[PDB]
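Right, one structure below, let's go through it.
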Amino acid sequence: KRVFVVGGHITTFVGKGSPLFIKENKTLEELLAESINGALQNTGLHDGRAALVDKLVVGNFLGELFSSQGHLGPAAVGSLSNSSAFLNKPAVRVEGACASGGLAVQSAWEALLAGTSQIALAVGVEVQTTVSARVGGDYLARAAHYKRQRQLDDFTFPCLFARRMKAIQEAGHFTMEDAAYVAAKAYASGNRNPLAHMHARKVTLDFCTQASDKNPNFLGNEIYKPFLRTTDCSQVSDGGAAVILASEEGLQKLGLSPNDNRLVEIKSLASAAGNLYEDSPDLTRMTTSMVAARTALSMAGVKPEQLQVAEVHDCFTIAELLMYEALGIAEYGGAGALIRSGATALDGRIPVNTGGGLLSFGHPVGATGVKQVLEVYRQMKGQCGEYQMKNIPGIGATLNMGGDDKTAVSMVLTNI
Amino acid sequence: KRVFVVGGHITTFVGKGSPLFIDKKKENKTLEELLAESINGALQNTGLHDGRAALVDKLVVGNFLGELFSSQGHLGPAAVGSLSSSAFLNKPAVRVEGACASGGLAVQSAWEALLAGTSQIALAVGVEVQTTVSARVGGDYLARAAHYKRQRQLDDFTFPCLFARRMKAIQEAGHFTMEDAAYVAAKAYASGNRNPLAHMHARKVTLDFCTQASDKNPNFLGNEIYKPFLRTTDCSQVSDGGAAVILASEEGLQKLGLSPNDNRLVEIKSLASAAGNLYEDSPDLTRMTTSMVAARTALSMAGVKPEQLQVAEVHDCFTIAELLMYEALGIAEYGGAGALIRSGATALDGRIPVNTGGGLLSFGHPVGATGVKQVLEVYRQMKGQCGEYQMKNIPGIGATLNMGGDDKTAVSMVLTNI
Numbered sequence: 012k013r014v015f016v017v018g019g020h021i022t023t024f025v026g027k028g029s030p031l032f033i043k044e045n046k047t048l049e050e051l052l053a054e055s056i057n058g059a060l061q062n063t064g065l066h067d068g069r070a071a072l073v074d075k076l077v078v079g080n081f082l083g084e085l086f087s088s089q090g091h092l093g094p095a096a097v098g099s100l101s104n105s106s107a108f109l110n111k112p113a114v115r116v117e118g119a120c121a122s123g124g125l126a127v128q129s130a131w132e133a134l135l136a137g138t139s140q141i142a143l144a145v146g147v148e149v150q151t152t153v154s155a156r157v158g159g160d161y162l163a164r165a166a167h168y169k170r171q172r173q174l175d176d177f178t179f180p181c182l183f184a185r186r187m188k189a190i191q192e193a194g195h196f197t198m199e200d201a202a203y204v205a206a207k208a209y210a211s212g213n214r215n216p217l218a219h220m221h222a223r224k225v226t227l228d229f230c231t232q233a234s235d236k237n238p239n240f241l242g243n244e245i246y247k248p249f250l251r252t253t254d255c256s257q258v259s260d261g262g263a264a265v266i267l268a269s270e271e272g273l274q275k276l277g278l279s280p281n282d283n284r285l286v287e288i289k290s291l292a293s294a295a296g297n298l299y300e301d302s303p304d305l306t307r308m309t310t311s312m313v314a315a316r317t318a319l320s321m322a323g324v325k326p327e328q329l330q331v332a333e334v335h336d337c338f339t340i341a342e343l344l345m346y347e348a349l350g351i352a353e354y355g356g357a358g359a360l361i362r363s364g365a366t367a368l369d370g371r372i373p374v375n376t377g378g379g380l381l382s383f384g385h386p387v388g389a390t391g392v393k394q395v396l397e398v399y400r401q402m403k404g405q406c407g408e409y410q411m412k413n414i415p416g417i418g419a420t421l422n423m424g425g426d427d428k429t430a431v432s433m434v435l436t437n438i
Numbered sequence: 012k013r014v015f016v017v018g019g020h021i022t023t024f025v026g027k028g029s030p031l032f033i034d035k042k043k044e045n046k047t048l049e050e051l052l053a054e055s056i057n058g059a060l061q062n063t064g065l066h067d068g069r070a071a072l073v074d075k076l077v078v079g080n081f082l083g084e085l086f087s088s089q090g091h092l093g094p095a096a097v098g099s100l101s105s106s107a108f109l110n111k112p113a114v115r116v117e118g119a120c121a122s123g124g125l126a127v128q129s130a131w132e133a134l135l136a137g138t139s140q141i142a143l144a145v146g147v148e149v150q151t152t153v154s155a156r157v158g159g160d161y162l163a164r165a166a167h168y169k170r171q172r173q174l175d176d177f178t179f180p181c182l183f184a185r186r187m188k189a190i191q192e193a194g195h196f197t198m199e200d201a202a203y204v205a206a207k208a209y210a211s212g213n214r215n216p217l218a219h220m221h222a223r224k225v226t227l228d229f230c231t232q233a234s235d236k237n238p239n240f241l242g243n244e245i246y247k248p249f250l251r252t253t254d255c256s257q258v259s260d261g262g263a264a265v266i267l268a269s270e271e272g273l274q275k276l277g278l279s280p281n282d283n284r285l286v287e288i289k290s291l292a293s294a295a296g297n298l299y300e301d302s303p304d305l306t307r308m309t310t311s312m313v314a315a316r317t318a319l320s321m322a323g324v325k326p327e328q329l330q331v332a333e334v335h336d337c338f339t340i341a342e343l344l345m346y347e348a349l350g351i352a353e354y355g356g357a358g359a360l361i362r363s364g365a366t367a368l369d370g371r372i373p374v375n376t377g378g379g380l381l382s383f384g385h386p387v388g389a390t391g392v393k394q395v396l397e398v399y400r401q402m403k404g405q406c407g408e409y410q411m412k413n414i415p416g417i418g419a420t421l422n423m424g425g426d427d428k429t430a431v432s433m434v435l436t437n438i
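Sequence lines, in order, name chains B and A.
So the first sequence is residues 12 to 33, 43 to 101, 104 to 438, counted in the deposited numbering.
So the second sequence is residues 12 to 35, 42 to 101, 105 to 438, counted in the deposited numbering.
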């Protein structure tokens with residue numbers, strides 16, 4: 012049993028600060053329908069041929085809250101509205119905070135590997151633009167241990183990293199200044215990607231560094247307030263991303279080949295999750311994410327250098343740093359290196375978040391997990407346009423994270 | 012690859028009308050509490066001794082409206098520290117959701133995992149606290165299981181309205197009596213009276229009271245169209261409670277040191293998922309096709325007829341559902357639901373005991389939990405554990421049928437006693 016990425020579609024990521032943000045805004049249903057249908061063409065399923073799927077997996081976090089909506093499993097089925107025929111197929115919403123996307127994958131994964139499916143669709147989506155940021159920051163706290171952590175601020179989720187930050191610099195583990203380097207990189211990266219939430223924007227590294235008013239310590243908190251600049255914060259984005267997956271059997275039905283140019287194969291997927299209550303005593307580690315990483319690669323049998331490209335959960339500049347660390351692409355404390363070495367950059371030896379990552383491309387939660395993969399696919403298939411890689415990678419991987427290293431998902435992809 | 016049910020634990024189902032429910042002398046149970054309970058409880062029945070609790074490879078939570086009632090999502094890691105011995109850390113965990121079938125789904129995940137080999141031993145836990153808000157409020161939250169923007173329009177009690185309409189129609193099709201919906205009702209209630217776990221254990225009334233002609237049992241629907249097509253009898257319960265279950269592979273057994281025919285267990289040989297169009301509403305309201313699909317598949321995977329079994333647990337979100345459930349499986353033929361419900365074969369002394377502990381109507385309906393409860397129930401009856409509703413004639417063959425929404429999602433399973 013082996014798994015091939017076929018294709019998919021990432022919608023544009025919009026939200027407040029995007030010129031596309033408002043005519044009436046896009047709906048979660050719309051957004052969903054789009055990401056689905058869009059995935060069909062790139063996979064050539066579109067008109068009536070759209071019924072060769074055995075399973076639908078939705079990855080969403082806060083539908084029930086922002087858009088007052090759960091039960092998106094069957095909502096998948098009628099995103100075709104005649105041509106509408108997904109009816110009576112396995113469908114389900116899954117949820118793991120910010121890693122809901124990677125999870126949506128793990129389901130389809132296990133299914134085909136069972137044989138329930140040989141062809142499946144995983145779609146992440148996330149509309150978050152229906153409420154205030156105060157309100158939305160509350161809804162976000164559902165990813166935390168609410169009753170004992172919302173206590174921090176109305177912007178609860180920022181506060182946890184400000185603290186992971188605050189500590190980790192004084193441990194002489196890296197410069198908060200390194201958190202500006204990451205920032206600059208992914209932003210200018212976003213400037214090469216028209217899908218990006220923050221494509222139409224950039225500013226000085228110094229502006230990303232500190233000394234800012236347009237980039238303030240917005241935290242209502244009076245303790246970890248300065249340990250976070252708006253730079254380091256991700257985006258509140260709307261948008262979807264769908265992906266079609268197949269088995270060798272699924273291929274045969276589709277009439278394809280295990281080495282057919284059109285595809286990329288997956289040979290690793292690893293899930294791991296920790297204690298929502300018992301907070302890490304080592305804030306300079308993403309153990310879950312460290313765990314998840316190590317497993318996947320070990321399942322495929324490669325070293326953390328044997329690859330060329332990566333997409334990781336930069337919910338904060340901080341995260342990306344730790345992400346570097348949370349994988350064997352970077353050694354302990356030495357995150358300051360590769361970020362400045364610029365190996366993580368597009369011309370760098372190890373391009374990472376070439377389209378901008380969560381910071382710039384944006385962070386529609388459910389969607390984020392799927393986006394990573396599709397991104398790695400396009401770079402593998404020369405599709406990344408003005409941030410397309412010169413030197414095409416045949417080996418790539420992903421790292422999706424929910425909460426505070428609470429959940430983590432990883433994957434191994436090989437270009438064929 | 013083959014799947015053995017090990018054991019588990021169902022907590023008591025409480026909620027407004029249960030003497031255990033607190034109205035302003043003590044503080045109610047929390048989703049977190051409720052979760053911890055169901056987890057820990059599952060451990061002993063499985064002997065996962067104190068620190069021996071770390072032989073699991075995967076945690077699957079089934080919840081629906083945590084984010085709403087209790088303002089809480091991300092229950093995956095919330096599992097990990099329900100031990101506060106606390107060492108579930110850094111294991112695969114995830115919340116899944118499929119409205120009312122979220123429980124069955126939680127199962128399908130663990131299922132596929134062990135079958136992969138990611139796990140050989142997994143825990144699926146359903147839980148659902150729904151008692152933090154008004155019923156008006158709660159009925160809204162419930163509408164998230166519907167196609168909200170185009171269906172909340174019915175009433176603040178949206179989900180009731182859809183069945184009142186499935187009802188309204190189906191009687192005039194001469195498919196069954198609304199009076200049959202009283203027969204189902206009485207059964208599961210008196211059934212609940214033999215089960216102290218039941219939400220509605222401490223209650224019963226006349227069949228006539230379940231039939232109609234009632235004021236204590238009114239047409240509460242704010243709606244003025246399908247209002248009379250539903251009696252409070254036919255409505256399920258708004259319950260709090262959890263149910264956890266430990267599952268293993270032959271490998272998991274060997275680690276646990278067991279045997280594929282060891283008395284302590286029951287094996288699963290079928291699981292089927294299916295789901296339809298949240299938007300395109302059924303033109304045949306006298307059918308649970310999804311649920312019909314799901315059913316047929318599972319059994320066909322195991323290779324049995326719908327009579328080759330002895331016992332069942334099905335999604336009686338309404339008396340109506342159960343009826344259709346009967347139909348949605350080959351235990352009952354089209355229109356002829358009025359039969360077996362009156363034949364009383366579905367009853368405990370009946371040839372085909374169904375929802376012996378009371379089902380959703382009486383035992384109660386904590387949504388996430390419901391899917392898991394079915395299985396555990398089928399287990400206990402198989403293991404003589406059902407006490408005052410324990411079966412005389414023990415079954416070696418059983419099955420389940422979980423449903424989300426309006427036949428929108430359905431899950432089914434095949435269990436064989438060994």
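Don't be surprised by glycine CBs; every beta carbon is placed ideally from N, CA and C.
About 6 Å separates the beta carbons of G123 (chain A) and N422 (chain A), which is inside the 8 Å limit, making them a contact pair.
Look at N422 (chain A) here: in three-state DSSP terms it is strand. Nearest neighbour of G212 (chain A) by Cα position, chosen from A:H91, A:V25 and A:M321, turns out to be A:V25. Per the Cβ contact rule, the segment 127 to 138 of chain B is not in contact with the segment 143 to 151 of chain A (fewer than 3 Cβ pairs under 8 Å). Taking CB atoms only, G377 (chain A) has no neighbour in chain B less than 8 Å away. Close partners of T152 (chain A) in chain B (Cβ separation under 7 Å) are lacking, with about 12 Å as the shortest Cβ gap. Annotation: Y168 (chain A) to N413 (chain A) spans about 45 Å, alpha carbon to alpha carbon.
The segment 107 to 115 of chain B makes no contact with the segment 161 to 178 of chain B: fewer than 3 CB pairs, one atom from each, lie closer than 8 Å. Looking at B:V395, B:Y346, B:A193 and B:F338, the one whose alpha-carbon comes closest to that of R316 (chain B) is B:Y346. By the Cβ rule, the segment 228 to 237 of chain A counts as touching the segment 250 to 260 of chain A, because three or more pairs are nearer than 8 Å. In the DSSP annotation of this structure, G79 (chain A) is not part of any alpha helix (DSSP H); the continuous beta strand (DSSP E) holding it starts and ends at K75 to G79. Within the DSSP bridge table, the entry for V25 (chain B) names B:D260 as partners. Under the Cβ criterion of 8 Å, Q89 (chain A) is counted among the residues facing chain B.
With respect to the C-alpha of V398 (chain A), the residue from A:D260, A:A184, A:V286 and A:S320 having the closest C-alpha is A:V286.
Taking the C-beta atoms as reference points, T309 (chain B) is found no nearer than 8 Å to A295 (chain B). Cβ proximity to chain A below 8 Å picks out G296, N297, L298, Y299, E300, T309, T310 and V313 from the segment 296 to 317 of chain B. Taking 8 Å as the threshold, the shortest C-beta distance from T429 (chain B) to chain A falls below it.
Two segments are said to touch when three or more pairs of C-beta atoms, one from each, lie closer than 8 Å; by this definition the segment 348 to 362 of chain B does not touch the segment 78 to 89 of chain B. For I141 (chain A), the uninterrupted beta strand (DSSP E) run begins and ends at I141 to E148, by DSSP. Taking the C-beta atoms as reference points, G407 (chain A) is found no nearer than 8 Å to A121 (chain A). Shown here, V265 (chain B) sits in a strand according to DSSP, grouped into three states. With 16 or more neighbouring CB atoms inside 10 Å of its own CB, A348 (chain A) falls in the buried class. None of the residues of the segment 274 to 289 of chain A has a beta carbon lying less than 7 Å from any beta carbon of chain B. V395 (chain B) is outside the set of residues whose beta carbon lies under 8 Å from a beta carbon in chain A. The DSSP-derived three-state label of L85 (chain A) is helix.
In this chain, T306 (chain B) is not harboured by any beta strand (DSSP E), its DSSP state being neither H nor E. Distance from the CA atom of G388 (chain A) to the CA atom of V265 (chain A), rounded to whole angstroms, is 13 Å. If you compare the alpha carbons of B:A359, B:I340 and B:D336 with that of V374 (chain B), the shortest gap goes to B:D336.
When Cβ-Cβ separations below 8 Å define contact, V116 (chain A) makes contact with chain B.
Taking every protein chain shown into account, the CB of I372 (chain B) has 16 or more other CB atoms within 10 angstroms, so this residue is buried. When the beta-carbon positions are compared, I340 (chain A) and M220 (chain A) stay at least 8 Å from each other. Per DSSP, the beta-bridge partners of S293 (chain A) are A:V431.
CA-CA distance, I56 (chain A) to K46 (chain A), rounds to 15 Å. Within the model, the alpha-carbon separation for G378 (chain A) versus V434 (chain A) is close to 21 Å. Under a 10 Å Cβ-count criterion, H20 (chain B) is classified as buried, with 16 or more other Cβ atoms of the shown protein chains found around its own Cβ. DSSP lists B:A264 as the bridge partner or partners of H20 (chain B).
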